[PDB]
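Structure record follows, encoded as structure tokens.
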Amino acid sequence: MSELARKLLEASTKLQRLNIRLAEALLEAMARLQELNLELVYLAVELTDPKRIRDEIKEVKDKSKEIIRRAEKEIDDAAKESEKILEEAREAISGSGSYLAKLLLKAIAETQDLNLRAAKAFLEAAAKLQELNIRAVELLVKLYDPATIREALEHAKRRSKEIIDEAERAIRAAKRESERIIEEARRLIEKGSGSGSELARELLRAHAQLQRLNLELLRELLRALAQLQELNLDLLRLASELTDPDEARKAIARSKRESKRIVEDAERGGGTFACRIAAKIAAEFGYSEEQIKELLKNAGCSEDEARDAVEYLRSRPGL
């Protein structure tokens, strides 16, 4: 189609793989944080020793901050690799004198920076809920009066939803700013005639399709975070309604099972179909099977996934 068009698509798919991997890591870290919160609730049912509870609270705090600091590292690692991928792309584009190649690439760079800022916004909401969830346990173990216990639970409920609501604002801002980047670039292209302008419009539509999956990554993470935090508040509500702790321990067991089902619901999406979607995009640009398999391999698809994606195109004639 053009060596510069192939380079742009190669940047976009590689950037999508990066985002998939980052979303998997953020999901993992959220699974670890949840695993700690459930464990902390379970021990707060048992322990009454004042010296001991302060030690275990401190240790889950330090353990949480390590999880969060290492997830911040994956984001920053993804930023550096994003800048390398865009640099190999720019090395071919910047020196070619193609106004359309440079325009598309600026649209890819701006869009990828949005995705990273949105990933940071999500992680910050996960850290805030964790700190909230630790403080909630810490205050619940010292209180006995059911009114002050409930005041603390109602406060955790309110702050949780404020925290999650601002995370859902940031993703909605990432969405609206992604479309504005596209619509600006589209309007600039549509003034053109000629095969290079129509190719650029085509690449813009392929970009929009890939950005749709990048944004759904973040939505899937946020939905799992919200569902996990509803379990957490519901469990804190119940774990202060304990006479019988043997029943409190099994409400935790039930909460561990559903937490795993929620995390599982997110694992099953999260880029499962990216290798086929890219395969479809490349076929519409007229790639040969060898060219599609090279594109998927360089976009971090396994050999299982790439072979499956090309076999998938041929299994449905008319794609």
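Basis: the model, the stated rules and, where named, an outside source; no laboratory read-out is quoted. Every residue, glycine among them, receives a Cβ derived from its backbone with ideal geometry; neighbour counts consider all protein chains shown.
Here are a few things to note about the model shown:
- The selection criterion, being buried (at least 16 other Cβ atoms within 10 Å of the Cβ) and either β-branched (V, I, T) or out of contact with any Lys or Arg (no Cβ under 6 Å at 6 or more places or on another chain) (or both), holds for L213.
- For region 245-310, the helices (runs of 4 or more DSSP H) that sit wholly inside it and include 2 or more residues that are among the β-branched types (V, I, T) and surrounded by 15 or more Cβ atoms within 10 Å (Cβ to Cβ) are 245-268, 274-284.
- When region 235-244 is limited to residues that are farther than 17 Å from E131 by Cα and either within 26 Å of the chain's Cα centre (by Cα) or without any contact (Cβ under 8 Å) to a residue 40 or more places away in the chain (or both), the one that is surrounded by the most Cβ atoms within 10 Å (Cβ to Cβ) turns out to be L238.
- Selection status of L199, buried (at least 17 other Cβ atoms within 10 Å of the Cβ), over 28 Å from the mean Cα position of the chain (by Cα), touching a residue at least 24 places away in the same chain (Cβ under 8 Å) and farther than 30 Å from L40 by Cα: yes
- Among the residues listed as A224, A167, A136, the single one being among the hydrophobic types (A, V, I, L, M, F, W, C), within 23 Å of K260 (Cα to Cα) and in contact with a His (Cβ under 9 Å, 6 or more places away or on another chain): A136
- Residue check, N232 over 29 Å from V141 (Cα atoms), assigned by TED's automatic domain parsing to the domain that holds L27 and part of a helix (DSSP H, G or I): no
- Exactly one residue out of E28, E39 is surrounded by fewer than 19 Cβ atoms within 10 Å (Cβ to Cβ) and under 30 Å from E305 (Cβ atoms): that is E28.
- Hey, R254 closer than 30 Å to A226 by Cα and touching a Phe, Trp or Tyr at 6+ places or on another chain (Cβ under 7 Å) or not: no
Yes/no matrix, rows are residues, columns are (1) within 18 Å of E28 (Cα to Cα); (2) polar (S, T, N, Q):
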position: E46; (1), (2): no, no
position: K63; (1), (2): yes, no
position: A71; (1), (2): yes, no
position: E74; (1), (2): yes, no
position: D77; (1), (2): yes, no
position: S82; (1), (2): no, yes
position: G95; (1), (2): no, no
position: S98; (1), (2): no, yes
position: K102; (1), (2): no, no
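- Filter result for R21 (over 30 Å from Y144 (Cβ atoms) and either touching a helix residue (DSSP H, G or I) at 6+ places or on another chain (Cβ under 8 Å) or surrounded by fewer than 15 Cβ atoms within 10 Å (Cβ to Cβ) (or both)): yes
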